[PDB]
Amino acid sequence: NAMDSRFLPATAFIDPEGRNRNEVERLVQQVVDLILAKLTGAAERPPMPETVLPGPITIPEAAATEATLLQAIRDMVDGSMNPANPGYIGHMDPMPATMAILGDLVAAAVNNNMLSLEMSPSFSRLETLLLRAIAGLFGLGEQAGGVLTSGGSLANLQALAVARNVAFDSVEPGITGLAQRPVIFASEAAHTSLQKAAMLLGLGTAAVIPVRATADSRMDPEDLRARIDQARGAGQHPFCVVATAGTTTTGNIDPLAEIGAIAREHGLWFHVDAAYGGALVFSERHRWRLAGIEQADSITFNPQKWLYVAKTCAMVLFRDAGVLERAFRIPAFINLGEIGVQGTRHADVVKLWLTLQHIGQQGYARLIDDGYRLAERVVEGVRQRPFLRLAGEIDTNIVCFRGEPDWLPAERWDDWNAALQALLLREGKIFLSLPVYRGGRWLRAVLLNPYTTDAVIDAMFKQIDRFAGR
């Protein structure tokens, strides 16, 4: 009735008996052609878009023309960041695997819902089985399981929610009746989704007690021990320790076995935030760096980062999946909505499973090796240059470094590194990020793009030398 009417475009929906197949096929092909053109041509667009500024938006009364829509897609693509450019080396945001793109097409077309088994009969079972398999690569044991979540922040929130619920039995009565303030410990280098989660969970941001990190940005276990004693002495109630496997700024890995041993000694939930570094489970050569992770009560891991799955794709894993029934699920197989922060949720398992199959464990082991190799080339270039300083030793394919030119007052180093970052981008078409770290602005390389080469790295250093020598 609506679709026959003059108030809907003939291609607004796909007629399920094929009546508008030809019109629908031509519209789809125009969008597919445009996208393939932009992506097979991605190196023609710089890593960051040229500056334009947009006016107030209006939602039209009448249907837009296919022309207007295609032009909108064109402008949206041209105005977006372009991590497919070999020069894009700044963030844990990679070009997507081909199958990941196609898996989201497939997911959106069937439009199933992870909320319940009846709404995702194929997908729910697959996600549950795949995450058991992944939990097994982490060595979490037979009872281990998890859920997919829209982002690592939600995975951290859910881990901390469970750790809180187990410590305080807070599912039904909440935590406002408490005389001792609950607190958690994390490296001073750990992700701010811990503070955001602590605020959301009613613990407040201050409940995340920072633990000293070494010169190489790894948590100091002796300091963790100190801070736990201090918390107890102050009448606080520690309930969780978060170790990070791949810190956001520097990509370093905490000493997971030692941290875990301290958490267990003190009866604290041990959560490992392996959002980035968890991908090392696919590399024989580098997997040892995660040693201790197998004793975690929970793990956060984001395939959208180092496994090249188009955003979002992240999970939280529990060593005992049964805990979600005990200390999460509200009073009322298992409909996944009941045991996640989200209810309705897009079927990320489609792009995850298709991606994992097409690249394979050996494929990831090779991508990971090549990331390390580029990273080590950056480290060597920094070592050859007295005016550059490394943040510290690297644990992953991330290198944080900055200029500390001795001919400049330190008060002007932030300006110097900001200027270098802008120049690398403008003239070298190379994007580094510029995080705040240790109270200063540092440059940050994340060597993820499979098409970044040694030549790009040598090119960056050449322009750095030219900038340094004015």
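For the two forms, the rigid core is made up of the largest set of C-alpha atoms that agree within 1.5 Å on superposition. Don't overthink the numbering: it's just position in the shown sequence, from 1.
Which stretch is less alike in 4 other deposited structures of this protein, 187-195 or 333-341, counting RMS CA distance after the rigid core is superposed? If we average over structures and residues in 4 other deposited structures of this protein, the farther stretch is 333-341.
Counting only other entries that model residues on either side, is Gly55 absent from the coordinates in at least a third? Yes.
I'd like to know the size of any gap between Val52 and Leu53, counted in deposited residues with no coordinates: none, 1 to 3, 4 to 9, or 10 or more. Unmodelled stretch: 1 to 3 residues, a short break.
Which class fits the unmodelled deposited stretch between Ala332 and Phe333: none, 1 to 3, 4 to 9, or 10 or more? Missing residues, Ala332 to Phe333: 4 to 9.
Entry-level comparison of average CA B-factors, 207-215 and 302-310, reporting the higher stretch: The recorded data point to 207-215.
If you average the CA temperature factors as listed in the entry, which stretch comes out higher, 461-469 or 2-10? That would be 461-469.
Out of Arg326, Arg227, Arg164, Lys351, which residue has the highest Cα temperature factor in the PDB record? Among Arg326, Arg227, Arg164, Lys351, the highest C-alpha B-factor in the entry belongs to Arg326.
Comparing recorded Cα B-factors across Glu258, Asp395, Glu127, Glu284, which one is largest? Spelled out: the listed residue with the top C-alpha B-factor is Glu284.
Based on the entry's values, in what third of the chain does the Cα temperature factor of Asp78 lie: lowest, middle or highest? Highest third, going by the recorded CA B-factors of the chain.
Record-listed C-alpha B factor of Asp15: chain third: As the PDB entry reports it, the C-alpha B-factor of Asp15 lands in the lowest third of its chain.
Taking the C-alpha B-factors as the PDB entry records them, is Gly278 in the lowest, middle or highest third of its chain? Answer is lowest: the recorded C-alpha B-factor places it there.
Per the entry's values, where does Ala321 land by CA temperature factor relative to the rest of its chain, in the lowest, middle or highest third? Highest third of the chain for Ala321's C-alpha B-factor.
For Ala135, return the chain-relative third of its C-alpha B-factor as stated in the PDB record: lowest, middle or highest. It belongs to the middle third of the chain when residues are ordered by C-alpha B-factor.
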